[PDB]
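**Q** So here's input_36.cif, just mmCIF, C-alpha atoms and all ligand atoms:
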data_my_file
loop_
_atom_site.label_atom_id
_atom_site.label_comp_id
_atom_site.auth_asym_id
_atom_site.auth_seq_id
_atom_site.Cartn_x
_atom_site.Cartn_y
_atom_site.Cartn_z
CA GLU F 2 2.92 36.84 -8.19
CA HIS F 3 0.95 36.98 -11.46
CA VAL F 4 1.25 33.43 -12.85
CA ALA F 5 -1.69 31.20 -13.84
CA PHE F 6 -1.88 27.47 -13.18
CA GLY F 7 -1.24 25.59 -16.44
CA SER F 8 0.48 28.44 -18.26
CA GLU F 9 2.55 27.30 -21.23
CA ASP F 10 5.80 28.94 -20.09
CA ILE F 11 5.45 28.20 -16.37
CA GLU F 12 8.88 26.54 -16.07
CA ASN F 13 10.54 29.71 -17.40
CA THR F 14 8.59 32.08 -15.14
CA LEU F 15 9.12 30.11 -11.94
CA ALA F 16 12.88 29.71 -12.45
CA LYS F 17 13.45 33.22 -11.03
CA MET F 18 11.60 32.64 -7.75
CA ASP F 19 13.17 32.03 -4.36
CA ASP F 20 11.07 30.50 -1.56
CA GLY F 21 9.46 33.87 -0.79
CA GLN F 22 8.39 34.52 -4.38
CA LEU F 23 7.02 30.98 -4.70
CA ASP F 24 4.87 31.75 -1.65
CA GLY F 25 3.23 34.50 -3.74
CA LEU F 26 1.60 32.10 -6.23
CA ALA F 27 -2.18 31.48 -6.39
CA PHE F 28 -1.67 27.69 -6.60
CA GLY F 29 0.37 25.07 -4.77
CA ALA F 30 3.91 24.50 -6.02
CA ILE F 31 6.39 21.77 -5.05
CA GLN F 32 9.82 21.18 -6.56
CA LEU F 33 11.14 17.61 -6.40
CA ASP F 34 14.45 16.03 -7.36
CA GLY F 35 14.43 12.97 -9.61
CA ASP F 36 14.11 10.66 -6.60
CA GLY F 37 11.10 12.57 -5.27
CA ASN F 38 12.84 14.47 -2.46
CA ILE F 39 11.24 17.84 -1.72
CA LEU F 40 13.43 20.86 -2.64
CA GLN F 41 10.76 23.61 -2.42
CA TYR F 42 7.17 23.70 -1.10
CA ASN F 43 5.07 26.87 -1.09
CA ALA F 44 2.52 28.43 1.27
CA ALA F 45 -0.46 27.82 -1.03
CA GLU F 46 0.33 24.10 -1.05
CA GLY F 47 0.57 24.01 2.75
CA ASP F 48 -2.84 25.71 2.98
CA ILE F 49 -4.39 22.99 0.74
CA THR F 50 -2.68 19.97 2.32
CA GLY F 51 -2.12 20.97 5.95
CA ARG F 52 1.61 20.29 5.75
CA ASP F 53 3.99 22.86 7.21
CA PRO F 54 6.02 24.10 4.22
CA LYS F 55 9.10 24.55 6.39
CA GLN F 56 9.09 21.00 7.78
CA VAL F 57 8.61 18.93 4.60
CA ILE F 58 11.75 20.18 2.79
CA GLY F 59 14.12 17.25 2.46
CA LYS F 60 11.47 14.56 2.96
CA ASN F 61 10.65 12.04 0.25
CA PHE F 62 7.30 12.89 -1.34
CA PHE F 63 6.36 9.36 -2.47
CA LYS F 64 7.75 7.28 0.42
CA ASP F 65 6.78 9.45 3.38
CA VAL F 66 4.80 12.64 2.79
CA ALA F 67 2.27 11.43 0.22
CA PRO F 68 1.79 7.64 0.20
CA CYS F 69 -1.58 8.07 -1.52
CA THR F 70 0.40 9.24 -4.60
CA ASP F 71 2.57 6.07 -4.60
CA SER F 72 0.61 4.54 -7.48
CA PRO F 73 0.96 4.15 -11.26
CA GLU F 74 -1.36 7.14 -11.78
CA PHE F 75 0.87 9.65 -9.96
CA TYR F 76 4.33 8.35 -8.94
CA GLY F 77 4.41 6.09 -12.02
CA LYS F 78 3.94 9.08 -14.32
CA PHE F 79 6.54 11.07 -12.36
CA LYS F 80 9.26 8.43 -12.57
CA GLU F 81 8.59 7.80 -16.27
CA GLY F 82 8.79 11.48 -17.19
CA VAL F 83 11.94 11.93 -15.15
CA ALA F 84 13.43 9.02 -17.10
CA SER F 85 12.53 10.54 -20.49
CA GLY F 86 13.32 14.13 -19.51
CA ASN F 87 10.08 15.49 -21.01
CA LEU F 88 7.64 15.46 -18.07
CA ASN F 89 4.46 17.41 -18.86
CA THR F 90 1.26 15.82 -17.54
CA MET F 91 -1.95 17.20 -16.03
CA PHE F 92 -4.62 15.11 -14.25
CA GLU F 93 -7.04 15.23 -11.35
CA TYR F 94 -6.36 13.24 -8.17
CA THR F 95 -7.61 12.87 -4.60
CA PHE F 96 -5.39 13.41 -1.55
CA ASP F 97 -6.63 11.35 1.40
CA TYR F 98 -3.72 10.47 3.73
CA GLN F 99 -4.54 11.56 7.29
CA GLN F 100 -6.67 14.40 5.88
CA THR F 101 -10.21 15.06 4.70
CA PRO F 102 -10.23 13.73 1.11
CA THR F 103 -9.42 16.68 -1.16
CA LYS F 104 -9.75 16.54 -4.94
CA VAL F 105 -7.20 18.56 -6.90
CA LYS F 106 -5.85 19.21 -10.37
CA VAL F 107 -2.16 18.26 -10.61
CA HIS F 108 0.34 19.50 -13.23
CA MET F 109 3.78 17.87 -13.23
CA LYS F 110 6.37 19.50 -15.48
CA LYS F 111 10.14 19.20 -15.77
CA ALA F 112 11.94 22.26 -14.48
CA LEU F 113 14.76 24.05 -16.25
CA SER F 114 17.24 23.51 -13.39
CA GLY F 115 19.06 20.20 -13.13
CA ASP F 116 17.48 17.24 -11.35
CA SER F 117 14.37 19.29 -10.61
CA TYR F 118 10.68 18.66 -11.36
CA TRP F 119 7.60 20.73 -10.57
CA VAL F 120 4.35 19.48 -9.05
CA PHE F 121 1.62 22.16 -9.24
CA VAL F 122 -1.71 21.75 -7.42
CA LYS F 123 -5.06 23.57 -7.27
CA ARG F 124 -8.49 22.66 -5.87
CA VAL F 125 -11.25 21.32 -8.14
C1 LIG F 201 -1.63 11.40 -0.46
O1 LIG F 201 -1.04 10.75 0.44
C2 LIG F 201 -1.31 12.80 -0.76
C3 LIG F 201 -0.59 13.54 0.08
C4 LIG F 201 -0.07 14.89 -0.19
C5 LIG F 201 -0.23 15.53 -1.42
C6 LIG F 201 0.37 16.76 -1.66
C7 LIG F 201 1.12 17.39 -0.67
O2 LIG F 201 1.68 18.60 -0.89
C8 LIG F 201 1.29 16.75 0.55
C9 LIG F 201 0.71 15.51 0.78
#
Now, as a test, write the supplied structure out as structure tokens.
Ligand SMILES: *C(=O)/C=C/c1ccc(O)cc1

**A**
Amino acid sequence: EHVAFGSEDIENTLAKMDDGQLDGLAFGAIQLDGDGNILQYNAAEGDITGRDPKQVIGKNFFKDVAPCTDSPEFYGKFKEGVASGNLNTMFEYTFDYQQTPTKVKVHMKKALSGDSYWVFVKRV
């Protein structure tokens, strides 16, 4: 696919993509419901994090997959922006749960589809 991380209209462009098209992106992409359960998880993300994109669907991102993100600086921003319905935040973060610590840039943005929220990731 031909979509850049951080693009202004990213939520419109990604709405057309099934799992296979999402796997064509240059950056990691996760879709979460408002509780943090994983709805979609692409190949680029699995390459960064080590997780098997097929196995993490249905797991809770904050409680089980990514406890290092269960903090005010990541989960706190997510749950606030879900509550307001206007989630659009970008920040760097380090992933260090049972993995070599890996610093990334994270972009969380509310999707167009109902009860759906994007988490985009690239290496920094
Ligand atoms: C900290 O526990 C981060 C874990 C993590 C981040 C992103 C993923 O896609 C998977 C696990």

**Q** With all atoms listed in the file as the counted atoms, please give the residues lying no more than 7 Å from residue 109 in chain F, apart from itself and same-chain residues fewer than 2 positions off, as a list in words.

**A**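 My reading of the contact set: residues 88, 89, 90, 91, 107, 111, 119, 120 and 121 of chain F.
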
**Q** Within 10 Å of ligand LIG 201 (chain F), which residues show up when you count all atoms listed in the file? List them as a ChimeraX atom specification, please.

**A** /F:29-31,39,42-43,45-54,57,62-71,75,94-100,102-103,105,107,120-122

**Q** Would you work out the distance separating CA of residue 118 in chain F from CA of residue 38 in chain F, expressed in Å to one decimal?

**A**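 Taking CA of residue 118 in chain F and CA of residue 38 in chain F, their separation equals 10.1 Å.
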
**Q** Using all atoms listed in the file, which residue out of F:11, F:60, F:117, F:79 lies closest to residue 34 in chain F?

**A**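 That would be F:117, the residue with the smallest distance to residue 34 in chain F.
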
**Q** From the set F:56, F:24, F:87, F:113, which residue has the shortest atom-to-atom contact distance to residue 10 in chain F, counting all atoms listed in the file?

**A**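 For residue 10 in chain F, the nearest of the given residues is F:113.
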
**Q** Check the smallest atom-to-atom distance from each of F:2, F:81, F:74, F:12 to residue 26 in chain F using only C-alpha atoms, then report the winner.

**A**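 Once distances to residue 26 in chain F are computed over only C-alpha atoms, the minimum belongs to F:2.
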
**Q** Around all the atoms of range 44-59 of chain F listed in the file, with 4 Å of room on each side, what axis-aligned box do you get, giving centre and edge lengths in Å to one decimal, as JSON?

**A**
{"center_x": 4.9, "center_y": 22.8, "center_z": 3.4, "size_x": 26.5, "size_y": 19.2, "size_z": 16.8}

**Q** Looking at only C-alpha atoms, which of F:114, F:125, F:108, F:35 is the one that sits closest to residue 16 in chain F?

**A**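 Distance minimum relative to residue 16 in chain F lands on F:114.
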
**Q** Could you check the closest approach to residue 93 in chain F for each of F:55, F:123, F:73, F:25 and tell me which residue wins, using only C-alpha atoms?

**A** F:123

**Q** Here is a test: counting all atoms listed in the file, which residue of F:36, F:116, F:19, F:9 is nearest to residue 86 in chain F?

**A**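 Checking each of F:36, F:116, F:19, F:9 against residue 86 in chain F, counting all atoms listed in the file, the winner is F:116.
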
**Q** Give me, as an MDAnalysis selection string, all polymer residues having an atom no more than 6 Å from residue 40 in chain F, counting only C-alpha atoms and skipping those fewer than 4 positions away in the same chain.

**A** chainID F and resid 32:33 58

**Q** Figure out the distance between CA of residue 18 in chain F and CA of residue 124 in chain F, please, to one decimal in Å.

**A**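 Separating CA of residue 124 in chain F from CA of residue 18 in chain F is a distance of 22.5 Å.
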
**Q** One decimal, in Å: what's the spacing between CA of residue 78 in chain F and CA of residue 37 in chain F?

**A**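 Answer for the CA of residue 78 in chain F to CA of residue 37 in chain F separation: 12.1 Å.
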
**Q** How would range 59-75 of chain F read, as a JSON list (two decimals), in the frame of the given file, once N, CA and C atoms are built in?

**A**
[["chain", "number", "residue", "atom", "x", "y", "z"],
["F", 59, "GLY", "N", 13.19, 18.33, 2.19],
["F", 59, "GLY", "CA", 14.12, 17.25, 2.46],
["F", 59, "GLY", "C", 13.47, 15.89, 2.64],
["F", 60, "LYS", "N", 12.15, 15.84, 2.84],
["F", 60, "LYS", "CA", 11.47, 14.56, 2.96],
["F", 60, "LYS", "C", 11.21, 13.98, 1.57],
["F", 61, "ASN", "N", 10.99, 12.66, 1.52],
["F", 61, "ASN", "CA", 10.65, 12.04, 0.25],
["F", 61, "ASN", "C", 9.14, 12.07, 0.04],
["F", 62, "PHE", "N", 8.72, 12.69, -1.07],
["F", 62, "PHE", "CA", 7.30, 12.89, -1.34],
["F", 62, "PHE", "C", 6.55, 11.56, -1.45],
["F", 63, "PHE", "N", 7.10, 10.59, -2.18],
["F", 63, "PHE", "CA", 6.36, 9.36, -2.47],
["F", 63, "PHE", "C", 6.44, 8.32, -1.36],
["F", 64, "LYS", "N", 7.57, 8.27, -0.64],
["F", 64, "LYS", "CA", 7.75, 7.28, 0.42],
["F", 64, "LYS", "C", 7.15, 7.76, 1.74],
["F", 65, "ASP", "N", 7.23, 9.04, 2.05],
["F", 65, "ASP", "CA", 6.78, 9.45, 3.38],
["F", 65, "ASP", "C", 5.66, 10.48, 3.37],
["F", 66, "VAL", "N", 5.79, 11.57, 2.62],
["F", 66, "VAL", "CA", 4.80, 12.64, 2.79],
["F", 66, "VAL", "C", 3.44, 12.25, 2.20],
["F", 67, "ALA", "N", 3.48, 11.61, 1.03],
["F", 67, "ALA", "CA", 2.27, 11.43, 0.22],
["F", 67, "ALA", "C", 2.08, 10.00, -0.31],
["F", 68, "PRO", "N", 1.91, 9.05, 0.63],
["F", 68, "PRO", "CA", 1.79, 7.64, 0.20],
["F", 68, "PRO", "C", 0.60, 7.40, -0.71],
["F", 69, "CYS", "N", -0.43, 8.24, -0.64],
["F", 69, "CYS", "CA", -1.58, 8.07, -1.52],
["F", 69, "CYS", "C", -1.23, 8.33, -2.99],
["F", 70, "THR", "N", -0.09, 8.98, -3.25],
["F", 70, "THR", "CA", 0.40, 9.24, -4.60],
["F", 70, "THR", "C", 1.35, 8.16, -5.10],
["F", 71, "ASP", "N", 1.69, 7.18, -4.25],
["F", 71, "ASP", "CA", 2.57, 6.07, -4.60],
["F", 71, "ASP", "C", 1.71, 5.03, -5.32],
["F", 72, "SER", "N", 1.52, 5.28, -6.62],
["F", 72, "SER", "CA", 0.61, 4.54, -7.48],
["F", 72, "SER", "C", 1.05, 4.75, -8.92],
["F", 73, "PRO", "N", 0.60, 3.90, -9.85],
["F", 73, "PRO", "CA", 0.96, 4.15, -11.26],
["F", 73, "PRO", "C", 0.45, 5.48, -11.78],
["F", 74, "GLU", "N", -0.70, 5.95, -11.26],
["F", 74, "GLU", "CA", -1.36, 7.14, -11.78],
["F", 74, "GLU", "C", -0.69, 8.44, -11.38],
["F", 75, "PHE", "N", 0.20, 8.43, -10.40],
["F", 75, "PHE", "CA", 0.87, 9.65, -9.96],
["F", 75, "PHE", "C", 2.39, 9.40, -9.96]]
